[PDB]
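Single chain ahead, written as structure tokens, the form deposited in one PDB entry.
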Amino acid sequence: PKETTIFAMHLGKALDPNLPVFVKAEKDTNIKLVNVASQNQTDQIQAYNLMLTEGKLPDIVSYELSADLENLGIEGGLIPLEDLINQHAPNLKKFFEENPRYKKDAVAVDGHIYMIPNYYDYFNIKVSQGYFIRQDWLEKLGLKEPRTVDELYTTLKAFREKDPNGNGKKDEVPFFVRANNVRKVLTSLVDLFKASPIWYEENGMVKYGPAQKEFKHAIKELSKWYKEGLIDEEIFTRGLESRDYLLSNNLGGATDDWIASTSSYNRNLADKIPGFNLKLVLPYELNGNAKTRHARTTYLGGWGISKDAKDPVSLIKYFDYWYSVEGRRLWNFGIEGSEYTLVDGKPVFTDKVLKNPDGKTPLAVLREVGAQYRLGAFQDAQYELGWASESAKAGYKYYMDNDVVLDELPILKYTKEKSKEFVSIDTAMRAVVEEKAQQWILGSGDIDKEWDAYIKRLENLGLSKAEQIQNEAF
């Protein structure tokens, strides 16, 4: 039994090594994880920053912000992994050989690998979020499916004012989102208005979304919709249970969220809310613009081995376990005999996952056992297709066939000084954006009055230099 410290959080939860997935991994690898993040910590960014001041680094450092993680490597906090992989990680060695695009995500500008990313199965499923609306509420109110942002506005107003759930109460929450930080709230609100809360590419150039007039318009509109009760008054505080709560209580009318899990509610709530039909629609058009910037990335976050780890060989073997057939299946599907059984050598989920008696989504059930826990593993789309509804599967194709999805800007990588400065600027600007966007949407500040000063503040923090760094790396 090898006791191994780790910093690991995901979706606001510190990794619990007693979860079934990690107990099995412990048996198979003899690695016993001990988290340095405690169970009452839910802010991964603040926890990571605090962790950096605590002295000795944990053996394994997992983090969702890969640019920060790579900077830690460049500074010597994380060790290079490439020799460790070549000598002791045959599964990872093979994975990088077979997948050059994925290998590119793991290699820093200086040629070292400081982290193993958590890869999506991008070349099998590359869409992410889509727009959903309560078709049964449309039918009840005699309304057509809205196809433009103005029509959405009018439709949401009808949801708010005309009691579509039929209970005589003004309790409807027309548009809602699902998030565990301010960035994710903004992400699922501003795409409506063809804005972006992050960096994006435009004709060969890299631009900062929150500095654009499209973002100003998005926030100004959202402020109006907020005041009129068309978007959830609790958007910034409701947290990751928002969708579960608002749909299961027949309050929510529309959202922007991941296609498979959001599609699971029709079956999930069919008995509880007769006629419930939360239906995928193409992104609403804004003056003819039919595009969404919601796309799956090749990876999200990653983990590395710190300079303070006593036994890195043992740890790279732990990293490698997740790329074995059995280890990858474990990460993706949970435990054989519990979450799935093998049928002709292929995992098929059980009723526990597919027909959960407490209305948990299939993905929610899988996360509860430690499956899909973001570390540095490789997702398998067969897991997603294994619980996705027929409507979800048709939905992927709907979005792809209609060419509405714009690829995400890959995370750019820089040389050491530029990387340190970019992350510093990017982080400082993020704080300003998230402060002002809340103030403006909630009505405590006036965006028309304050926008120019906000832009000057971003510039003061280094927006132009960040723009230059981004475009050199592009």
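Numbering starts at 1 and runs along the sequence shown.
K.L.:
Comparing 183 to 191 with 261 to 269, where is the mean C-alpha B-factor higher?
P.N.:
Comparing 183 to 191 with 261 to 269, the higher average CA B-factor belongs to 261 to 269.
K.L.:
Where do the C-alpha atoms have the higher mean temperature factor in this entry, in 324 to 332 or in 241 to 249?
P.N.:
Between 241 to 249 and 324 to 332, it is 324 to 332 that shows the higher mean C-alpha B-factor.
K.L.:
Looking at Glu214, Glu234, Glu172, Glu98, which has the biggest Cα B factor in the entry?
P.N.:
By C-alpha B-factor in the record, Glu98 ranks first.
K.L.:
Comparing recorded Cα B-factors across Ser444, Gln44, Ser62, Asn35, which one is largest?
P.N.:
Of the candidates given, the C-alpha B-factor peaks at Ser444.
K.L.:
Can you tell me which third, lowest, middle or highest, the CA B-factor of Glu202 falls into for its chain?
P.N.:
It belongs to the highest third of the chain when residues are ordered by C-alpha B-factor.
K.L.:
If you rank the chain by CA B-factor, which third does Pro283 end up in: lowest, middle or highest?
P.N.:
Ranked within chain, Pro283 CA B lands in the lowest tercile.
K.L.:
Using the B-factors in the PDB entry, rank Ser391's C-alpha atom against the chain and give the third, lowest, middle or highest.
P.N.:
Within its chain, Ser391 is a middle-third residue by C-alpha B-factor, going by the deposited values.
K.L.:
Compared with the other modelled residues in the chain, in which third is the CA B-factor of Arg134?
P.N.:
Middle third by C-alpha B-factor.
K.L.:
Quick one: classify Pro312 as lowest, middle or highest third of the chain based on its Cα B-factor.
P.N.:
It belongs to the highest third of the chain when residues are ordered by C-alpha B-factor.
What follows is about the form deposited in another entry, which we do not show.
K.L.:
Could you say if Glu285 and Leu143 end up in a single rigid part, given the chain moves as two rigid parts between the shown form and the other one?
P.N.:
Taking the motion between the shown form and the other one as two rigid parts, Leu143 shares its part with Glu285.
K.L.:
Closer or farther: how do the Cα atoms of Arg134 and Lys360 compare in the other form relative to this form, given a change of at least 3 Å?
P.N.:
Farther apart in the other form, by 3 Å or more.
K.L.:
Between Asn124 and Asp401, do the C-alpha atoms lie closer or farther in the other form than in the shown form, with a difference of 3 angstroms or more?
P.N.:
Distance between the C-alphas of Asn124 and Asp401: shorter in the other form, by 3 Å or more.
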